[PDB]
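Chemist: Just so you know, the sequences run in chain order A, B, C, D and E.
For the first sequence, the residue numbers in the UniProt record's numbering are 509 to 542, 565 to 661.
For the second sequence, the residue numbers in the UniProt record's numbering are 513 to 542, 565 to 661.
For the third sequence, the residue numbers in the UniProt record's numbering are 509 to 542, 565 to 660.
For the fourth sequence, the residue numbers in the UniProt record's numbering are 31 to 57, 65 to 176, 187 to 396, 408 to 503.
For the fifth sequence, the residue numbers in the UniProt record's numbering are 127 to 174.
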Amino acid sequence: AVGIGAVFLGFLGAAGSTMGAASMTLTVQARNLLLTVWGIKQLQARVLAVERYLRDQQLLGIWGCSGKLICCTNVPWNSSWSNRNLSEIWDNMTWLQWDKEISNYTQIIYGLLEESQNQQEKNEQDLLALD
Amino acid sequence: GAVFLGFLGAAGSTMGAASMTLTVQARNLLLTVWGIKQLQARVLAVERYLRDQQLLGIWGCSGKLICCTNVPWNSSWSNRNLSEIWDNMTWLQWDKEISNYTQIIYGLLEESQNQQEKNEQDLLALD
Amino acid sequence: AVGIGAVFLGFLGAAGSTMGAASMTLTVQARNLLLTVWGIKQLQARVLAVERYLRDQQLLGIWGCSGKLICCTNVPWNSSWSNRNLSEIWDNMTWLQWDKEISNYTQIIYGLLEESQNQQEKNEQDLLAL
Amino acid sequence: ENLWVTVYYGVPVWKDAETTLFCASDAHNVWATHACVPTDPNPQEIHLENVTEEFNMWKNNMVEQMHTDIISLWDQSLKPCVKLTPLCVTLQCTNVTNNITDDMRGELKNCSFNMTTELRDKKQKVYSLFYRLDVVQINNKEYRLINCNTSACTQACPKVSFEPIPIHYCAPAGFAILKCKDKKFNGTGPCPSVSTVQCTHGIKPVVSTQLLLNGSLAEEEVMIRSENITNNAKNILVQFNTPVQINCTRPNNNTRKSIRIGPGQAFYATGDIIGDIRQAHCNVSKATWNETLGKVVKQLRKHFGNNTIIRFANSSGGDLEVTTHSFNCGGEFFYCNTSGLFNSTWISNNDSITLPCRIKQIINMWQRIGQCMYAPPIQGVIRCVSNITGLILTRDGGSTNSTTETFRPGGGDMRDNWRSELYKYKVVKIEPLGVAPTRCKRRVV
Amino acid sequence: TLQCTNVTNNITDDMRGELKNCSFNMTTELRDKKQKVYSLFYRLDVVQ
Ligand SMILES: *[C@@H]1O[C@H](CO)[C@@H](O[C@@H]2O[C@H](CO)[C@@H](O[C@@H]3O[C@H](CO)[C@@H](O)[C@H](O)[C@@H]3O)[C@H](O)[C@H]2NC(C)=O)[C@H](O)[C@H]1NC(C)=O
Ligand SMILES: *[C@@H]1O[C@H](CO)[C@@H](O[C@@H]2O[C@H](CO)[C@@H](O[C@@H]3O[C@H](CO)[C@@H](O)[C@H](O)[C@@H]3O)[C@H](O)[C@H]2NC(C)=O)[C@H](O)[C@H]1NC(C)=O
Ligand SMILES: *[C@@H]1O[C@H](CO)[C@@H](O[C@@H]2O[C@H](CO)[C@@H](O[C@@H]3O[C@H](CO)[C@@H](O)[C@H](O)[C@@H]3O)[C@H](O)[C@H]2NC(C)=O)[C@H](O)[C@H]1NC(C)=O
Ligand SMILES: *[C@@H]1O[C@H](CO)[C@@H](O[C@@H]2O[C@H](CO)[C@@H](O[C@@H]3O[C@H](CO)[C@@H](O)[C@H](O)[C@@H]3O)[C@H](O)[C@H]2NC(C)=O)[C@H](O)[C@H]1NC(C)=O
Ligand SMILES: *[C@@H]1O[C@H](CO)[C@@H](O[C@@H]2O[C@H](CO)[C@@H](O)[C@H](O)[C@H]2NC(C)=O)[C@H](O)[C@H]1NC(C)=O
Ligand SMILES: *[C@@H]1O[C@H](CO)[C@@H](O[C@@H]2O[C@H](CO)[C@@H](O)[C@H](O)[C@H]2NC(C)=O)[C@H](O)[C@H]1NC(C)=O
Ligand SMILES: *[C@@H]1O[C@H](CO)[C@@H](O[C@@H]2O[C@H](CO)[C@@H](O)[C@H](O)[C@H]2NC(C)=O)[C@H](O)[C@H]1NC(C)=O
Ligand SMILES: *[C@@H]1O[C@H](CO)[C@@H](O[C@@H]2O[C@H](CO)[C@@H](O)[C@H](O)[C@H]2NC(C)=O)[C@H](O)[C@H]1NC(C)=O
Ligand SMILES: *[C@@H]1O[C@H](CO)[C@@H](O[C@@H]2O[C@H](CO)[C@@H](O)[C@H](O)[C@H]2NC(C)=O)[C@H](O)[C@H]1NC(C)=O
Ligand SMILES: *[C@@H]1O[C@H](CO)[C@@H](O[C@@H]2O[C@H](CO)[C@@H](O)[C@H](O)[C@H]2NC(C)=O)[C@H](O)[C@H]1NC(C)=O
Ligand SMILES: *[C@@H]1O[C@H](CO)[C@@H](O[C@@H]2O[C@H](CO)[C@@H](O)[C@H](O)[C@H]2NC(C)=O)[C@H](O)[C@H]1NC(C)=O
Ligand SMILES: *[C@@H]1O[C@H](CO)[C@@H](O[C@@H]2O[C@H](CO)[C@@H](O)[C@H](O)[C@H]2NC(C)=O)[C@H](O)[C@H]1NC(C)=O
Ligand SMILES: *[C@@H]1O[C@H](CO)[C@@H](O[C@@H]2O[C@H](CO)[C@@H](O)[C@H](O)[C@H]2NC(C)=O)[C@H](O)[C@H]1NC(C)=O
Ligand SMILES: *[C@@H]1O[C@H](CO)[C@@H](O)[C@H](O)[C@H]1NC(C)=O
Ligand SMILES: *[C@@H]1O[C@H](CO)[C@@H](O)[C@H](O)[C@H]1NC(C)=O
Ligand SMILES: *[C@@H]1O[C@H](CO)[C@@H](O)[C@H](O)[C@H]1NC(C)=O
Ligand SMILES: *[C@@H]1O[C@H](CO)[C@@H](O)[C@H](O)[C@H]1NC(C)=O
Ligand SMILES: *[C@@H]1O[C@H](CO)[C@@H](O)[C@H](O)[C@H]1NC(C)=O
Ligand SMILES: *[C@@H]1O[C@H](CO)[C@@H](O)[C@H](O)[C@H]1NC(C)=O
Ligand SMILES: *[C@@H]1O[C@H](CO)[C@@H](O)[C@H](O)[C@H]1NC(C)=O
Ligand SMILES: *[C@@H]1O[C@H](CO)[C@@H](O)[C@H](O)[C@H]1NC(C)=O
Ligand SMILES: *[C@@H]1O[C@H](CO)[C@@H](O)[C@H](O)[C@H]1NC(C)=O
Ligand SMILES: *[C@@H]1O[C@H](CO)[C@@H](O)[C@H](O)[C@H]1NC(C)=O
Ligand SMILES: *[C@@H]1O[C@H](CO)[C@@H](O)[C@H](O)[C@H]1NC(C)=O
Ligand SMILES: *[C@@H]1O[C@H](CO)[C@@H](O)[C@H](O)[C@H]1NC(C)=O
Ligand SMILES: *[C@@H]1O[C@H](CO)[C@@H](O)[C@H](O)[C@H]1NC(C)=O
Ligand SMILES: *[C@@H]1O[C@H](CO)[C@@H](O)[C@H](O)[C@H]1NC(C)=O
Ligand SMILES: *[C@@H]1O[C@H](CO)[C@@H](O)[C@H](O)[C@H]1NC(C)=O
Ligand SMILES: *[C@@H]1O[C@H](CO)[C@@H](O)[C@H](O)[C@H]1NC(C)=O
């Protein structure tokens with residue numbers, strides 16, 4: 509295979525698709541993520579996008595994911611948050627509906643993900659100090 | 513409830529007493567004349583955060599707040615016991631004299647991490 | 509060993525050297541990488579530099595190199611890009627000539643690297659499901 | 031349960047938030070639009086199926102930002118031009134008699150006055166032609192400009208032109224522009240065919256108050272949009288699926304003469320006219336306007352009762368910019384009387411008309427009495443060929459039992475003109491944070 | 127140029143000479159006309 513091109517899905521192409529199908533197009537969204567009145571407005575918008583990106587990277591850095599898109603955690607998933615089958619959410623539900631369905635608990639979820647990793651971090655520490 | 517500490521609350525505490533409240537300070541790093571002044575200060579803060587993150591990423595601490603290195607500490611820079619410096623000394627007092635010797639420490643950490651990466655590459659190549 | 513002075517290679521000093529010789533001068537370039567009209571122009575220049583560094587960091591972050599300078603990849607190197615011996619491409623060629631040699635295949639390499647890392651993460655997720 | 035939460039980056043989540051858009055142009066350049074980066078060739082259009090977005094106009098910030106950007110660009114464009122402060126002087130003015138007609142009698146005035154020159158030690162007596170709406174009587188009587196008691200203003204430089212070149216609005220990093228591809232998209236509702244785009248299409252920022260000139264056509268039929276159709280105080284936007292051609296002209300062979308009023312700077316006064324002088328007018332085809340009005344009545348019969356008598360009436364009163372259709376034609380501002388276009392009633396069941415237009419030299423068109431702008435004269439006759447694709451109606455409520463429904467042209471605000479074209483686009487903010495359960499755990503090294 | 131006179135219209139003796147009634151020729155909206163108008167000023171910001 510030498511005379512073929514490379515074509516991927518466009519920006520937000522899998523917005524209405526399933527979770528399993530939209531999980532393979534996160535790279536394009538991640539890459540697209542990044565007279566003086568006009569200059570001040572443009573620089574303010576660019577800088578605002580910069581703190582939003584750094585805030586997202588900082589929120590991911592406090593967890594056990596140092597930059598990877600897909601990553602697993604050690605905290606258990608509370609069944610009381612959704613009480614639904616994994617097969618039907620990953621095969622018959624988009625990301626928009628899933629986002630508005632659990633829009634409340636995400637914040638407190640982030641908090642456990644954070645402290646948990648904190649104690650988890652010192653876990654390897656009191657083991658790595660045994661060397 | 514749960515109360516750990518606040519921002520910069522362990523400034524007067526010792527080394528060991530301040531060794532577990534570093535994560536809150538870790539997240540703490542992040565008419566038109568006042569607007570451009572605020573924008574300039576904000577850009578400076580972002581640049582300082584990216585510079586610190588870049589220096590951490592150069593070493594083996596890209597995404598870790600606590601990390602050790604395989605370089606031997608040179609006793610000429612400290613000349614003190616571990617328990618004495620970790621139980622009867624603060625961060626400010628140590629910062630007063632480590633400021634002159636932090637450049638050589640940073641340089642040795644960078645070359646040592648590069649050497650470690652080269653050794654890891656050779657180990658992966660030789661399987 | 510109390511009056512030992514330490515000096516390193518200068519900024520971009522390993523440009524004319526070989527690939528192996530310049531491979532140990534990456535940390536210096538990485539650390540050195542970072565009235566209203568004058569302020570806005572200098573602010574725009576600094577913001578552009580920060581955005582370029584952010585884009586490069588994100589480019590290395592989407593791959594399996596989130597932080598480490600030297601990193602490998604399971605995808606192989608096809609001879610269509612450059613069919614040269616390893617004994618001479620690392621000891622008889624600089625970074626400038628080598629970059630100008632395969633400058634037309636950088637986008638293809640970047641695309642295959644990102645899709646390979648995406649499928650690698652999917653395979654790792656499926657492996658952790660056992 | 032053997033389930034563990036996992037975080038995902040770059041997930042397609044849309045939130046509604048404020049965002050400052052970026053200007054773009056096709057790109065010698067004029068109208069000072071070079072301050073923004075030019076548009077990128079072949080903009081990407083990505084269709085988004087299996088998703089419905091609740092589009093809602095009259096609250097979108099894109100039209101507000103466009104209004105602010107147009108005001109700022111106009112203010113910055115008028116900055117290098119020279120101010121017209123020495124014009125506020127006593128004007129010994131009289132009427133015109135040379136080949137004047139009956140309808141144009143008293144409309145134009147020949148005013149003579151003393152004005153400074155490049156030498157501050159001496160003055161010069163000159164004369165110029167001014168319209169009746171441009172001068173007011175102080176008491187061969189003395190006259191003065193209409194903007195003398197108000198703040199003075201600059202004039203349009205002869206190098207810059209008023210051509211409404213299309214501009215594009217590109218979203219910054221982390222935001223997206225959604226466009227509704229529905230052929231019969233309503234005012235507010237869930238659009239079935241949504242598609243994201245990097246930059247908006249070519250939008251011409253024209254200036255109009257009663258008839259939408261050079262606007263975007265519809266898809267298959269004329270559309271009626273309104274925030275509250277039952278409210279008489281809300282403007283009714285009408286979009287045409289076919290364009291109604293209009294031919295506006297000024298047969299006056301005006302001559303522009305430059306007189307020195309200071310060091311280097313000069314004022315372009317109206318010289319002597321050439322030949323016969325006639326009133327400027329606009330011609331509209333009777334058949335096309337009649338069938339367009341019939342289509343409009345047919346669409347209004349779907350919202351209200353189809354067995355209800357409908358009638359069109361002219362403007363009630365107020366400012367000249369609201370009552371008369373104000374627009375621009377080759378650099379000359381026109382104020383046409385639309386009484387001949389809204390003088391028909393419709394029951395439940408070759409030839410063209412002319413409209414006289416007045417010409418002013420002091421134009422604000424933004425209700426900003428804080429300032430103005432002097433339109434310099436244009437050499438030769440003025441000819442403009444265009445086509446209206448919309449209307450801004452207003453319901454004259456007060457009746458009962460759904461009887462004698464009347465519509466009058468209105469919409470003095472400048473946001474309706476841009477709302478009739480920016481209704482398809484919407485700004486959304488991308489949220490890359492996502493969470494989902496997966497049967498996986500992080501291995502401990 | 128200002129033509130100021132002393133005010134003696136129910137003024138306390140402590141301010142005898144502090145307030146000045148000045149008159150001057152100032153331009154109007156029309157650059158070809160001028161008007162004679164009066165105003166009150168203080169002795170601290172007015173010099174001979
Ligand atoms: C929008 O929704 C439609 C309706 O679901 C999608 O069409 C079809 O969707 C299925 C499931 O996502 C695609 O996978 C197929 O599933 C069937 C079982 O139902 C299986 O037998 C097939 O082997 C295949 O795996 C299917 O390719 C797809 N298209 C068809 C039938 O032409 C549509 O894909 C959705 N749009 C987007 C952008 O996702
Ligand atoms: C990478 O891409 C560039 C751009 O396409 C390549 O540069 C091009 O190289 C060819 C030769 O390889 C040049 O053709 C020349 O044409 C002249 C006039 O006909 C002829 O006299 C020469 O003998 C030669 O054939 C071409 O001008 C040049 N530039 C462009 C814009 O096409 C480059 O070769 C590519 N490198 C690799 C390794 O593929
Ligand atoms: C507006 O009013 C002015 C006067 O206030 C009109 O100016 C007129 O200009 C013409 C042409 O310069 C003068 O004609 C003169 O003719 C004699 C020969 O008979 C010749 O020797 C002169 O050199 C000059 O050409 C005319 O006298 C003058 N009018 C007056 C009252 O002095 C101007 O034409 C008027 N504009 C309009 C549009 O009515
Ligand atoms: C609505 O669009 C039409 C065209 O689609 C506009 O008509 C065009 O208007 C411009 C500027 O008024 C005309 O350009 C002029 O051309 C003459 C030719 O000699 C030149 O001397 C002038 O300096 C100026 O450049 C143009 O001819 C005219 N027609 C066409 C077919 O382009 C109309 O102005 C637009 N409506 C509004 C309100 O802007
Ligand atoms: C989040 O929790 C609230 C309850 O605190 C859920 O109910 C909403 O409550 C607010 C006011 O408290 C109302 O304005 C909303 O209309 C309620 N929502 C519904 C659907 O009735 C809310 O549903 C929760 N959101 C989630 C789980 O996504
Ligand atoms: C200030 O210093 C005092 C003493 O140096 C600290 O008191 C110690 O507190 C810890 C627990 O917080 C005890 O285990 C020690 O025994 C205490 N020391 C003594 C001598 O009794 C105090 O915590 C310090 N406060 C801060 C904010 O650093
Ligand atoms: C770090 O550097 C400073 C300045 O280079 C040193 O300060 C010296 O302090 C001594 C005693 O206080 C003075 O006699 C010298 O004159 C100072 N130096 C200069 C250049 O003025 C400081 O001692 C250094 N730290 C260590 C641990 O050596
Ligand atoms: C520039 O090239 C010269 C020539 O290779 C380098 O000097 C050394 O030359 C000997 C010749 O036998 C080689 O064996 C060495 O390997 C060369 N040194 C190195 C470090 O490769 C010289 O170092 C080069 N300098 C730069 C700045 O690239
Ligand atoms: C322009 O200036 C001329 C002369 O300076 C004015 O003509 C006469 O000026 C004298 C004053 O020197 C007046 O007494 C006369 O009444 C003026 N004549 C007339 C017919 O008015 C002339 O009035 C000035 N023009 C304007 C518009 O002020
Ligand atoms: C849309 O217009 C209708 C008709 O005018 C409004 O309905 C009435 O509004 C008035 C004043 O707002 C109220 O006093 C009446 O009670 C309303 N009638 C009914 C039956 O509720 C309506 O409020 C407007 N707005 C919306 C959002 O529908
Ligand atoms: C405005 O003027 C244009 C002039 O081009 C008119 O265009 C006419 O179009 C028909 C259509 O086939 C031609 O047969 C005529 O020859 C054109 N006229 C001329 C003078 O060439 C257009 O009809 C006019 N519109 C209105 C409303 O008056
Ligand atoms: C009338 O409006 C249309 C659409 O806004 C303008 O566009 C042209 O319309 C004609 C006939 O419908 C098409 O054949 C052309 O392809 C359209 N495009 C261009 C670039 O000409 C049309 O220009 C308007 N009429 C006038 C006289 O300006
Ligand atoms: C304002 O101007 C008038 C003139 O228009 C001044 O009145 C006198 O004018 C004559 C000439 O007609 C001069 O010779 C006199 O010197 C002027 N002054 C007086 C006091 O007679 C008037 O004085 C001016 N006012 C001020 C405050 O300067
Ligand atoms: C290069 O070769 C590898 C296997 O040797 C193959 O997978 C790849 O598709 C080839 N690429 C090109 C561009 O030929
Ligand atoms: C799950 O949520 C419920 C309330 O919704 C809470 O009581 C419980 O402690 C949570 N955790 C587990 C492990 O059930
Ligand atoms: C969930 O799936 C299991 C088997 O996979 C099935 O027995 C159960 O009924 C499902 N529950 C719901 C609510 O669909
Ligand atoms: C370290 O501790 C020992 C025992 O208390 C003491 O003798 C020695 O002086 C200490 N070292 C220093 C540098 O004070
Ligand atoms: C102490 O530092 C010097 C450099 O100043 C270095 O050469 C020496 O090797 C160091 N000593 C030890 C024991 O590492
Ligand atoms: C590359 O290596 C092969 C042996 O593996 C040798 O025959 C050939 O000459 C070498 N080519 C170059 C350019 O060194
Ligand atoms: C200026 O004069 C006109 C003439 O009628 C009047 O309508 C307007 O209100 C005046 N403006 C001011 C600010 O006096
Ligand atoms: C369509 O828009 C009109 C005008 O606002 C409104 O009266 C009507 O309810 C809308 N219909 C739908 C289905 O949204
Ligand atoms: C206007 O007058 C000038 C004077 O020379 C003449 O050249 C031109 O043809 C006239 N234009 C018209 C439309 O009559
Ligand atoms: C407009 O129509 C009138 C007749 O009603 C005609 O005399 C005039 O020449 C026309 N003007 C244009 C520009 O077509
Ligand atoms: C307008 O069109 C309608 C078509 O229903 C026709 O009945 C009517 O007579 C027309 N009016 C004029 C003035 O042409
Ligand atoms: C027209 O009005 C009559 C009155 O009852 C109604 O029956 C009919 O459905 C209406 N037609 C349309 C197309 O609205
Ligand atoms: C509207 O029309 C009536 C009757 O023709 C007329 O009296 C009135 O002055 C007109 N108003 C405007 C603003 O044209
Ligand atoms: C518009 O024309 C009608 C026709 O009679 C006239 O009554 C009305 O006064 C005109 N409007 C203006 C503002 O002159
Ligand atoms: C408006 O329509 C009436 C209806 O007969 C007519 O008498 C009048 O002349 C018309 N006015 C204009 C300006 O067309
Ligand atoms: C005004 O009062 C001051 C202070 O008493 C005095 O010096 C001056 O001569 C007075 N001027 C006149 C005109 O009375």
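Beta carbons are placed, not taken as given, at the ideal position from N, Cα and C, and that holds for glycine.
Report the residues of the region 107 to 136 of chain D with a CB closer than 8 Å to any CB of chain E, ordered along the chain.
Modeler: Listed in sequence order: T122, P123, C125, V126, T127.
Chemist: Scan the region 309 to 357 of chain D and note each continuous beta strand (DSSP E) run of 3 residues or more that stays entirely inside, going in chain order.
Modeler: Counting whole runs of 3 or more residues, the region 309 to 357 of chain D contains the beta strand (DSSP E) stretches 313 to 317, 328 to 332.
Chemist: Who are the neighbours of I600(B) on chain A, taking C-beta pairs under 8 Å?
Modeler: Near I600(B) (Cβ distances below 8 Å), the residues of chain A are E651, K652, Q655.
Chemist: Among all residues, which have a Cβ less than 7 Å from at least one non-hydrogen atom of ligand 6, and in what chain order do they fall?
Modeler: Taken from the N-terminal end onward, the list reads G521(B), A522(B), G524(B), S525(B), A529(B).
Chemist: From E618(A) to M532(A), what distance separates their C-alpha atoms?
Modeler: Answer to the nearest angstrom: the Cα atoms are 18 Å apart.
Chemist: Give the straight-line distance between the Cα atoms of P123(D) and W568(C), rounded to the nearest whole angstrom.
Modeler: Spanning the two alpha carbons is a distance of roughly 36 Å.
Chemist: At which residues does the beta strand (DSSP E) containing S617(A) begin and terminate?
Modeler: No beta strand (DSSP E) contains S617(A), which is instead part of the alpha helix (DSSP H) from 616 to 621.
Chemist: When you compare the CB of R539(A) with every CB in chain C, is at least one pair closer than 9 Å?
Modeler: With 9 Å as the cut-off, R539(A) counts as an interface residue toward chain C.
Chemist: Just verifying my parser: in three-state terms, what is the DSSP assignment at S165(E)?
Modeler: Correct three-state label for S165(E): strand.
Chemist: Counting Cβ pairs, one atom from each stretch, are 3 or more of them under 8 Å apart for the region 140 to 148 of chain E and the region 255 to 274 of chain D?
Modeler: No, because fewer than three Cβ pairs between the region 140 to 148 of chain E and the region 255 to 274 of chain D fall closer than 8 Å, the two stretches do not touch.
Chemist: Taking its Cβ as the centre, do 16 or more other Cβ atoms sit within 10 Å of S208(D), making it buried, or is it exposed?
Modeler: So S208(D) ends up on the exposed side.
Chemist: Are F519(A) and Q81(D) touching if we call contact CB-CB under 9 Å?
Modeler: Against a cut-off of 9 Å, the Cβ pair of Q81(D) and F519(A) comes out as a contact.
Chemist: Residues in its own chain within less than 7 Å of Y168(E) by CB, not counting five upstream and five downstream?
Modeler: Taken in chain order, the residues that qualify are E144, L145.
Chemist: Using DSSP with H/G/I as helix, E/B as strand and the rest coil, what is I108(D)?
Modeler: It is helical.
Chemist: Where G365(D) and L573(C) are concerned, what is the direct C-alpha to C-alpha distance, given to the nearest angstrom?
Modeler: Approximately 49 Å, taken between the alpha carbons.
Chemist: For chain C, check one thing: does any of its Cβ atoms lie closer than 9 Å to the Cβ of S596(B)?
Modeler: Yes, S596(B) counts as interfacial toward chain C.
Chemist: So which residues of chain D does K162(E) contact, with C-beta pairs closer than 8 Å?
Modeler: Within 8 Å Cβ-Cβ: nothing; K162(E) doesn't reach chain D, min ~18 Å.
Chemist: Which residue wins for smallest C-alpha separation from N135(D), given the options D319(D), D171(D), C204(D), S373(D)?
Modeler: Measuring from the Cα of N135(D), the nearest candidate turns out to be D319(D).
Chemist: Residue range of the alpha helix (DSSP H) that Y635(B) falls in?
Modeler: That residue, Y635(B), is in no alpha helix (DSSP H); it is neither H nor E in DSSP.
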